[PDB]
Amino acid sequence: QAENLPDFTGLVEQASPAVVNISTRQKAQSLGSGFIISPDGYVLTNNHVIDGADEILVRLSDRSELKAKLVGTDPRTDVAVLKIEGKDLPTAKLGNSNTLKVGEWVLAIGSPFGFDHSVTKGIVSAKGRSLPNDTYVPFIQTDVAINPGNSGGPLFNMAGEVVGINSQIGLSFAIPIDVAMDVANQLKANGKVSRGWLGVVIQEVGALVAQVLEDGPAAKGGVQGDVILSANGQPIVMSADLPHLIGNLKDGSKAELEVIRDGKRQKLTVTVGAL
Amino acid sequence: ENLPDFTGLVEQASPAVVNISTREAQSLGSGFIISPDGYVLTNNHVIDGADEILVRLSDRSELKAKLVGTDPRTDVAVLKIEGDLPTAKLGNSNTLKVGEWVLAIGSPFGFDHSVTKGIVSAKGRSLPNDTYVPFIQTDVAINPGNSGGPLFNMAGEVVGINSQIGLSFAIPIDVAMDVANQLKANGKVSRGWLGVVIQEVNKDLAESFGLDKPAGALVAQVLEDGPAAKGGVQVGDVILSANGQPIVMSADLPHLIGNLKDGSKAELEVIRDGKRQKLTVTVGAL
Amino acid sequence: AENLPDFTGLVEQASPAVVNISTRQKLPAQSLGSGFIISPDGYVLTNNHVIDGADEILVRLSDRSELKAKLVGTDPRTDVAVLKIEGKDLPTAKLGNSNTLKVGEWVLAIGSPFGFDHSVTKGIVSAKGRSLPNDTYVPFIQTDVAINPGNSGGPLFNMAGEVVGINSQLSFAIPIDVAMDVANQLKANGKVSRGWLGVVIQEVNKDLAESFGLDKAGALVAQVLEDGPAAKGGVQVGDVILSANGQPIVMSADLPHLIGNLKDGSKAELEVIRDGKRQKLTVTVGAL
Numbered sequence: 026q027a028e029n030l031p032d033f034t035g036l037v038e039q040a041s042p043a044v045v046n047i048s049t050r051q052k099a100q101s102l103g104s105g106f107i108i109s110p111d112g113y114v115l116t117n118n119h120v121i122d123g124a125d126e127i128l129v130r131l132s133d134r135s136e137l138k139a140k141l142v143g144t145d146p147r148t149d150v151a152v153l154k155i156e157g158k159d160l161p162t163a164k165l166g167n168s169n170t171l172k173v174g175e176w177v178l179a180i181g182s183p184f185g186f187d188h189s190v191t192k193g194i195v196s197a198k199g200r201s202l203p204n205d206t207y208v209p210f211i212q213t214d215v216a217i218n219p220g221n222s223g224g225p226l227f228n229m230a231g232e233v234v235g236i237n238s239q240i249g250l251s252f253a254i255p256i257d258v259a260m261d262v263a264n265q266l267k268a269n270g271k272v273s274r275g276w277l278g279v280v281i282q283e284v299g300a301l302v303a304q305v306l307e308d309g310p311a312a313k314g315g316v317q319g320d321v322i323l324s325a326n327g328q329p330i331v332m333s334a335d336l337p338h339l340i341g342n343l344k345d346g347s348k349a350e351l352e353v354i355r356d357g358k359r360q361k362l363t364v365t366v367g368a369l
Numbered sequence: 028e029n030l031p032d033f034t035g036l037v038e039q040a041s042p043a044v045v046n047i048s049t050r098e099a100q101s102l103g104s105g106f107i108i109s110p111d112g113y114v115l116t117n118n119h120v121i122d123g124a125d126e127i128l129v130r131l132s133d134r135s136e137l138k139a140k141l142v143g144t145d146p147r148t149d150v151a152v153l154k155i156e157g159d160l161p162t163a164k165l166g167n168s169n170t171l172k173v174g175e176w177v178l179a180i181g182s183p184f185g186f187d188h189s190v191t192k193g194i195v196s197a198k199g200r201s202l203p204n205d206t207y208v209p210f211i212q213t214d215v216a217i218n219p220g221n222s223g224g225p226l227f228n229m230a231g232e233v234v235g236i237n238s239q240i249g250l251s252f253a254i255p256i257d258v259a260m261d262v263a264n265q266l267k268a269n270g271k272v273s274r275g276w277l278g279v280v281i282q283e284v285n286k287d288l289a290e291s292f293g294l295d296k297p298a299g300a301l302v303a304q305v306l307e308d309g310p311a312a313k314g315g316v317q318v319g320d321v322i323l324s325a326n327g328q329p330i331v332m333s334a335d336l337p338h339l340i341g342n343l344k345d346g347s348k349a350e351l352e353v354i355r356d357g358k359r360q361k362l363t364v365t366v367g368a369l
Numbered sequence: 027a028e029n030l031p032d033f034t035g036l037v038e039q040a041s042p043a044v045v046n047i048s049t050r051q052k053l054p099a100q101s102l103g104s105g106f107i108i109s110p111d112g113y114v115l116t117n118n119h120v121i122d123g124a125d126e127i128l129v130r131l132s133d134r135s136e137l138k139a140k141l142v143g144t145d146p147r148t149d150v151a152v153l154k155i156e157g158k159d160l161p162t163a164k165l166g167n168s169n170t171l172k173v174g175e176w177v178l179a180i181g182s183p184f185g186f187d188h189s190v191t192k193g194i195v196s197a198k199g200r201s202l203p204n205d206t207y208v209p210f211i212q213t214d215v216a217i218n219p220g221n222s223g224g225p226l227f228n229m230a231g232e233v234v235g236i237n238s239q250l251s252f253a254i255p256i257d258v259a260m261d262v263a264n265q266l267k268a269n270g271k272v273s274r275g276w277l278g279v280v281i282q283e284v285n286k287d288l289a290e291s292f293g294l295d296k298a299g300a301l302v303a304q305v306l307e308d309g310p311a312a313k314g315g316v317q318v319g320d321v322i323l324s325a326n327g328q329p330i331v332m333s334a335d336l337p338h339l340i341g342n343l344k345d346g347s348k349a350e351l352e353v354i355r356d357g358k359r360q361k362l363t364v365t366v367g368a369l
């Protein structure tokens, strides 16, 4: 049987070229991994790989070394966009992470310690939009091996399409490529991600306001202990349905939320903010 | 790729995997449904110390669980909820072969399932520090919250309980089902016990005897007030027979005696300073 | 509803030769790790770090036979050890080629961690090389098999059942080519002899190639030594050695590797860049 087991050698060969090493210099010190999403030198990575670096060097498989300026970064999704200078650079095909199915085979490729690629296989362990410690950023979980230096490299389906950005944090986490490409479009066009802001901490039940704030715009509209079942007309089946919605709202726009307090249903409007 | 994957197996076998929480609800681990009327398996060490036990299904229903019974030695616990629940098919762990693909499913933090693939790394009934529970070892990934959930063969049958207490450990489903039948019918596993603690027999400790095949159980510490003390057992005694069953394995001994009924005497054949003899012990319980 | 192939048949054919390595002396039966039989008359490979400090070495087969082992030889630098036990037609592991191992290939580590019983873990080839920021010599394979206590020193199998590495530990293995080289040396001489550098070197990126006039490679000596054979040759620190005895140096680790295979006392002709000028210096190579 075993000799008839398919393997990732062709996939490694076809999908490694676009994966790069991200380093900085004191003024060959590896910071992590990343990949090329366009032949003219746009590169994705993690915010936490480039944070604190000033001169950023991108190191290719042909072992070219290129100077990178930081196009933009988003700590909340932990996504960073760099730009280097080339023409017809090897570029990674991008896929859809919403069609990723739990149980599918995936392949992480990094360039952890200089120009060389390192490769690890696994499956999709889980997907979601939530954690007990956060209600914001959707995630993919895989049982791929954890490496220092692989963080920021891409996560491949068996067709060689990027389905995620392998961020390190025994299961390993990745940013769904749908979210990362969204964030990267934003950073590329504006330099920063804008997110509509609510002065509330929520918990599940709708979304159960567990801590409304002072000087939060929500306080200007209402008080704590309110189960928000819709905002701007969209049902809240999950508490995590709410922040992304508010996040996609433009600061200053009105948001109409329906809340239940004591069996009583009501509606309050808020001029949403940012950050 | 033409590589087969576990998506269909995940769909068929996740529904019966449940989250175990206590009392907002604090996730303790995973478990699975072994009968459509609500008997649920898990680890003892997932529910130890919990008082209010909540079982959280994939449909997001939450059900109250009474502790049917627990066995710390095998680390198996049986809970009961009230509902035609999705039920996990059970398999045979003795026919599990090292190198077979397996799939662990958990429900680690809330209603959502998490999944990891691997192979059977090893099987046994022994470790340098313990003789009393057989084990499966796999190279499945280790998760907190996956503990107590099932371990599936590629056909969707449970072959083990993922305990993981850098390879991960599972209780063979044969042993877990044995313990669960006992817990379900009596509330406690009753187990026959001998006072002496034994060690294996290698060719370095093969003296006090003329035995020329490393086998048996080398008593390393005989005890007081154990019925074994009444049998006439001395430290350095190689137990080759228990009730007629050969002891090629040191672990052949504990499991045998464990299934013995308390109060029933067990006739053992031992070699003491080269001489072969037989002494009977009224087995007890822990 | 999808059955991929598995490793059960591979486990059956390739486990028999994997053995446990133990020692016996101490104050209150001790497994040190794993190894494998590479010859039916009892030659056994393992890691240096498994037998280091042991006095009596015991080799334990799956048939539960226990055999006394004489230490044929060891090489800490590659972490390779060769033992000898006494048998005839012992189960023997087929050996393969590690240079043809491709990143992405499936591999199977087999160990015998605690006693006579075998443990098994699967994975792929994650990476290959001969260099790391912590060493400029040892070639390596990296795999994502599980890391186990007791598996170290056991073999790493390709899907055909040939040994491609020694699972030394992501997990590290010694490529079987290097290990067999080292084992032939230990078996015939008792020790591996290696030619001596006289200087520790560093890589050449773009910045250090602009530093000292280096157009576009080589090995940039980062620390020349005293009484090193290079010192007798005239090697000042900051020297890019591009060839030695005619062999191109594309990366720094090409160098020790070369010098390692040179016989002590033999000629070393090195081509260096010194403050923009090209030159050649001769060295009487040494040994560790």
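Residue numbers (the authors' numbering), protein chains in the order written: chain C, 26 to 52, 99 to 240, 249 to 284, 299 to 317, 319 to 369; chain A, 28 to 50, 98 to 157, 159 to 240, 249 to 369; chain B, 27 to 54, 99 to 239, 250 to 296, 298 to 369. Heads up, the beta-carbon is just placed ideally off N, CA and C, and yes, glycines get one too.
query: 9 angstroms Cβ cutoff, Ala216 (chain A) in contact with chain C; result: yes
query: Beta-carbon separation (whole angstroms), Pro310 (chain B) vs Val44 (chain B), contact threshold 8 angstroms; result: Actually they are not in contact, since the Cβ atoms of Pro310 (chain B) and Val44 (chain B) sit about 42 angstroms apart, beyond 8 angstroms.
query: Burial state of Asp122 (chain A) (16 or more Cβ within 10 Å); result: exposed
query: Interface residues of chain C facing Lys361 (chain A) [CB-CB closer than 8 angstroms]; result: The premise fails here: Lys361 (chain A) is roughly 49 angstroms from chain C at the closest Cβ pair, so nothing lies under 8 angstroms.
query: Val234 (chain C) and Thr148 (chain C) closer than 9 angstroms at C-beta; result: no
query: Boundaries (first-last residue) of the beta strand (DSSP E) holding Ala303 (chain B); result: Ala300 to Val305
query: Pick from A:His188, A:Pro146, A:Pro297 and A:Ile155 that is closest to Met332 (chain A), judged by C-alpha positions; result: A:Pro297
query: Partners in chain C for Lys271 (chain B), counting only beta-carbon separations shorter than 8 angstroms; result: Near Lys271 (chain B) there are no residues of chain C at all, since even the closest Cβ is about 31 angstroms away, more than 8 angstroms.
query: Chain B within 9 angstroms of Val190 (chain C), Cβ atoms only; result: yes
query: Residue nearest to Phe184 (chain C) in terms of C-alpha spacing, selected from C:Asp32, C:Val114, C:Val129 and C:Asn237; result: C:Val129
query: Alpha helix (DSSP H) runs wholly inside the segment 146-204 of chain C, at least 4 long, in chain order; result: none
query: Secondary structure of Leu266 (chain A), DSSP reduced to three states; result: helix
query: Cβ pair count under 8 angstroms reaching 3, the segment 326-343 of chain A against the segment 344-352 of chain C; result: no
query: Nearest neighbour of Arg274 (chain B), chosen from B:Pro203, B:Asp261, B:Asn285 and B:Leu137 [CA to CA]; result: B:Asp261
query: Buried versus exposed, by CB contacts within 10 Å (16 or more), residue 158 (chain A); result: Residue 158 (chain A) cannot be placed in this structure, since chain A goes from 157 to 159 without the numbers between.
query: Length of the line joining the Cα atoms of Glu352 (chain A) and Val302 (chain A); result: 13 angstroms
query: Cβ-based neighbour list, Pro337 (chain C), same chain, cut-off 7 angstroms, excluding 5 preceding and 5 following; result: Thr206 and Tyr207
query: Exposure label - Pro255 (chain B); buried when at least 16 CB within 10 Å; result: buried
query: Presumed contact (8 angstroms Cβ cut-off) between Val190 (chain B) and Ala197 (chain A), rounded CB distance; result: 7 angstroms
query: N- and C-terminal bounds of the alpha helix (DSSP H) containing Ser291 (chain B); result: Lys286 to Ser291
query: Residues that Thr365 (chain C) bridges to, as DSSP identifies them; result: C:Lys348
query: For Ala124 (chain C): DSSP bridge partner residues; result: None, per the DSSP bridge assignment.
query: DSSP state of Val37 (chain C) mapped onto helix, strand, coil; result: helix
query: Test item: CB-CB of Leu160 (chain C) and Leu131 (chain C) under 9 angstroms; result: yes
query: Collapsed DSSP secondary structure at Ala325 (chain C) in the structure displayed; result: strand
query: Short CB-CB distance (under 9 angstroms) between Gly35 (chain C) and chain B; result: yes
query: Reduced DSSP category for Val208 (chain A) - H, G, I as helix; E, B as strand; rest coil; result: coil
query: Pair within 9 angstroms by beta-carbon distance, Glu350 (chain C) and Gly367 (chain C); result: no
query: Residues of its chain near residue 382 (chain B), where Cβ-Cβ distance is below 8 angstroms and the 5 sequence neighbours each way are ignored; result: Residue 382 (chain B) lies beyond the range of chain B shown here (27 to 369); nothing can be said about it.
query: Min CB distance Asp125 (chain B) to chain A below 9 angstroms; result: no
query: Inter-residue Cα distance where the pair is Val284 (chain B) and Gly249 (chain A); result: 38 angstroms
query: Cutoff 8 angstroms; reference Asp214 (chain B); Cβ partners in own chain excluding five residues on either side; result: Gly193, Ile194, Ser196, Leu250 and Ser251
query: Separation of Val177 (chain A) from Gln282 (chain C), as counted between CA atoms; result: 35 angstroms
query: Coil, strand or helix - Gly224 (chain B) by DSSP; result: strand
query: Distance CB(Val305 (chain B))-CB(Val279 (chain B)) smaller than 9 angstroms; result: yes
query: Contact check, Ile236 (chain C) vs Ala259 (chain C), beta carbons under 9 angstroms; result: yes
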